[PDB]
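Data first, discussion second: the structure below is written as structure tokens.
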Amino acid sequence: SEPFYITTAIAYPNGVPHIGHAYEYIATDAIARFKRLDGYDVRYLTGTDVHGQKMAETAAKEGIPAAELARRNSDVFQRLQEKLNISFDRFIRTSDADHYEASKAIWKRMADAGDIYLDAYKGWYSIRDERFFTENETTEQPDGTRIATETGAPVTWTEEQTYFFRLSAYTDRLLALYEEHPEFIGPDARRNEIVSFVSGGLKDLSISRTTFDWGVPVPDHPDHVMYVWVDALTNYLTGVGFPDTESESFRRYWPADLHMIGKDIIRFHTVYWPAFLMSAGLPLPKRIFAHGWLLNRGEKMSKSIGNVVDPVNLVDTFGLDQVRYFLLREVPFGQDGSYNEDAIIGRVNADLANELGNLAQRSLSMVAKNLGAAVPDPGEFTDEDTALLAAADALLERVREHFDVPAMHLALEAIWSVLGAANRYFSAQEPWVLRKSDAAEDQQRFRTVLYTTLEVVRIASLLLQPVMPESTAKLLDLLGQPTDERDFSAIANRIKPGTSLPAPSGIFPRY
Ligand code: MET
Ligand SMILES: O=P([O-])(O)O
């Protein structure tokens, strides 16, 4: 049972959780659930990044302490993930006591390696991005104020005696990493962008601040606070028992197998983060994957459902598993995507309610009121039965391949291809005709067709567990599958004839 450590980006709790956060949490949960069912030892970290000037300003604007905004908004972020049914092991917050020790530990490691030095910083700083920018990287507006060229965010002139990380010393050591291990950055398009960015030379990074005190204090220097990103990135270590490197959690889970992040914070994770770990003498994570953004088509406020970009609203409107499926199916993972009210409705009613819902319900109904509510004892299998079962048995292997990319959209395409095949099979065999017949060879065939249908929807249900936890559990309840037999190892064991089935009811309803 090999360990699998997966993390999400710990977002700033300065406002209301966006659709992008929910998209990330669902996507990461799907992989984390998939690995558990595939027999892995999974640690799954998520949470919030409560420090920084961005947080301190929003707290001062709302006239409350920074620590008060930290708890309140993190509680909101945590409840969203609870509503989204995220199976995280720990919801980390950078204000945690064990995180303070971990941030001070990695700092000491880097300083002892000789990568931290005191020097006066002079330059522009974006508070919205929590990011440093150079003179050329900024555009002087006709209004007078300065903005960051890339993001378009307002930048503030900063002149402080700060601590610097010798990032310029790791340029070629980072470029070798991308060449030797191309799997480090994903998708391929992101890696090439980072290669060209690092190829143009790297400048030293300021890693402490003095103008504010909302952040992790630098050891031996109370007047200095750690750069929010040095604080933020260390969470991935904290979530596995850092600074205790001898601990069971650290020796087993570190380095992380996958960092799940949005594409707007890729430089921090693929440039700064590995350089920090190289300096600290710690193993580098195996893969960082950046997903695209989800943008609304048309109007923000609907005339029937309300706010389209509100994650909580969509779950209340359409149902959790409906939203979970849509986001993972609609947009190819890694690319930017678009959605509207009709896109969700169409996908929910066609793919879930009809293609999967009705196939399951009709077959389970025929077993209930025509076959004594028990799995039919099948007869001899025909070429049609075998070919469909072969397409279903092949799923797990390719679904595993898609999930390792990660590419949840292709996995869902693969499963629906078989579900559609199961629907055409159901239409061709005509069980509703066969149940009316008096012939013994037609009655046994009716039992075989129903058994084959139940087996395909069982395999499908087992594989769809990471995507739709609640709905698939209720499907497997109706398919008489024991709770202690819902791992991917159970796919190889066919549904047992004579297994008692409870009264079937709709699980995927239309809108
Ligand atoms: C260590 S990942 C930090 C993510 C950052 N707080 C953001 O919201 O973009
Ligand atoms: O482009 P990749 O990194 O998803 O293979």
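Specify, per residue and in Å³, the volume enclosed by the convex hull of the alpha carbon atoms belonging to the stretch 258-401.
197 Å³
For the stretch 228-244, take each phi angle, set θ = phi - 60°, evaluate the Karplus expression 6.51 cos²θ - 1.76 cosθ + 1.60, and give the result in whole Hz per residue in order, putting x for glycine and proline.
2, 6, 5, 5, 5, 5, 5, 3, 4, 7, 4, x, 10, x, 5, x, 5
Order these by the 10 Å Cβ neighbour count, fewest first: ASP336, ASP129.
Ascending Cβ contact count within 10 Å gives the list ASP336, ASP129.
Please give the net charge around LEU84, taking every other residue with its beta carbon less than 14 angstrom from that of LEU84, where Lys and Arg add +1 and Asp and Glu add -1. Intermediate results must be reported in sequence, preceding the final value.
Values: positive: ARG33, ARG79, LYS83, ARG324; negative: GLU24, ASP29, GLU82, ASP310, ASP316, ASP321, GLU470.
Around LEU84, the surrounding residues sum to -3.
If you plug each phi of the stretch 67-72 into the Karplus form 6.51 cos²θ - 1.76 cosθ + 1.60 with θ = phi - 60°, what whole-Hz ³J(HN,Hα) values come out, in order, with x for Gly and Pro?
5, 6, 5, 4, 5, 3
Considering all alpha-carbon pairs of the chain, what whole percent are spaced by more than 39 angstrom? Please report the intermediate quantities before stating the final value.
Working: 43819 of 130305 pairs.
Tail of P(r) above 39 Å: 34 percent of Cα pairs.
Mind checking the angle between helix 171-180 and the chain's longest principal axis? C-alpha axes, 0 to 90 degrees, to the nearest 10.
So the helix axis and the longest Cα principal axis differ by about 20 degrees.
Residues with beta-carbon under 10 Å from that of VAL312, excluding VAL312: net charge, scoring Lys, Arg +1 and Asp, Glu -1?
With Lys, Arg at +1 and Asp, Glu at -1, the neighbours total 0.
Which entries in the list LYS83/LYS104; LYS61/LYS203; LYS122/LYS286; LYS83/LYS300 go over 32 Å, if you measure between the two C-alpha atoms of each?
Values: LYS83/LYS104 34 Å; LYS61/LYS203 34 Å; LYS122/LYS286 35 Å; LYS83/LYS300 22 Å.
With Cα atoms farther than 32 Å apart: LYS83/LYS104; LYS61/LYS203; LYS122/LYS286.
How big is D, in µm² s⁻¹, for the stretch 34-177 by Stokes-Einstein at 4 °C and 1.567 mPa s if Rh is the Kirkwood radius over C-alpha pairs?
Estimated diffusion coefficient is 68 µm²/s.
Given contacts defined as C-alpha pairs under 8 Å and at least six residues apart, what's the relative contact order of the stretch 340-511, whole-number percent? Display every interim value, and only then the final one.
Details: 177 pairs, mean separation 65.0, N = 172.
Worked out over the stretch 340-511, it gives 38 percent.
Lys and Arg at +1, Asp and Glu at -1: add these up for the other residues within a Cβ distance under 10 Å of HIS224 and post the number.
The answer is -3.
Once the Cα atoms of helix 408-429 and of the chain are each reduced to a long axis, what angle between those two axes, in degrees from 0 to 90 to the nearest 10, is obtained?
10 degrees
Give me the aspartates and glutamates in straight-line cross-link reach of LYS436: C-alpha distance below 19 Å, same-chain residues under 8 apart excluded.
By straight Cα distance, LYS436 reaches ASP377.
Shape verdict for the stretch 317-405, please, from the Cα gyration tensor: rounded (a/c under 1.5), prolate (a/b greater than b/c) or oblate.
Numbers: a/c = 3.18, a/b = 1.52, b/c = 2.09.
Since a/c reaches 1.5 but b/c is at least a/b, the shape of the stretch 317-405 is classed as oblate.
Going by C-beta contacts inside 10 Å, put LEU464, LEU410 in order with the fewest on the left.
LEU410, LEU464
Take the Cβ-Cβ distance between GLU193 and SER505 as r, set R0 to 60 Å, and report the resulting FRET efficiency rounded to the nearest 0.05.
E between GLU193 and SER505, to the nearest 0.05, is 0.75.
Please report the relative contact order for the chain, taking Cα pairs under 8 Å with a sequence separation of at least 6, and give it as a percent rounded to a whole number.
15 percent
Given H placed on each backbone N at 1.01 Å, which residues far from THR149 in sequence or on other chains put an amide H within less than 5 Å of it?
Here the answer is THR138, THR139, since their amide H atoms fall under 5 Å of that of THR149.
Taking one equal scatterer on every alpha-carbon of the stretch 340-511, how large is log10 of I(q)/I(0) by Debye at q = 0.12, 0.19 1/Å?
The computed values of log10 I(q)/I(0) come out as -0.53, -1.33.
Would you report the distance distribution of C-alpha pairs in the stretch 115-228 as whole percents per 10 angstrom bin, up to the bin with the largest distance?
Reading the bins upward from 0: 13, 34, 34, 18, 1.
Go through the stretch 323-335 residue by residue and turn each phi into a ³J(HN,Hα) via Karplus (6.51, -1.76, 1.60, θ = phi - 60°); whole Hz please, and just put x for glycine and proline.
For the stretch 323-335, the Karplus-derived couplings read 5, 3, 5, 3, 5, 7, 8, 4, 9, x, 5, x, 9 Hz, x marking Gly and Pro.
FYI the Cβ positions are ideal-geometry reconstructions off the backbone, even for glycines, and counts take in every protein chain you see. Throughout, read-outs are computed from the coordinates displayed, never taken from laboratory work.
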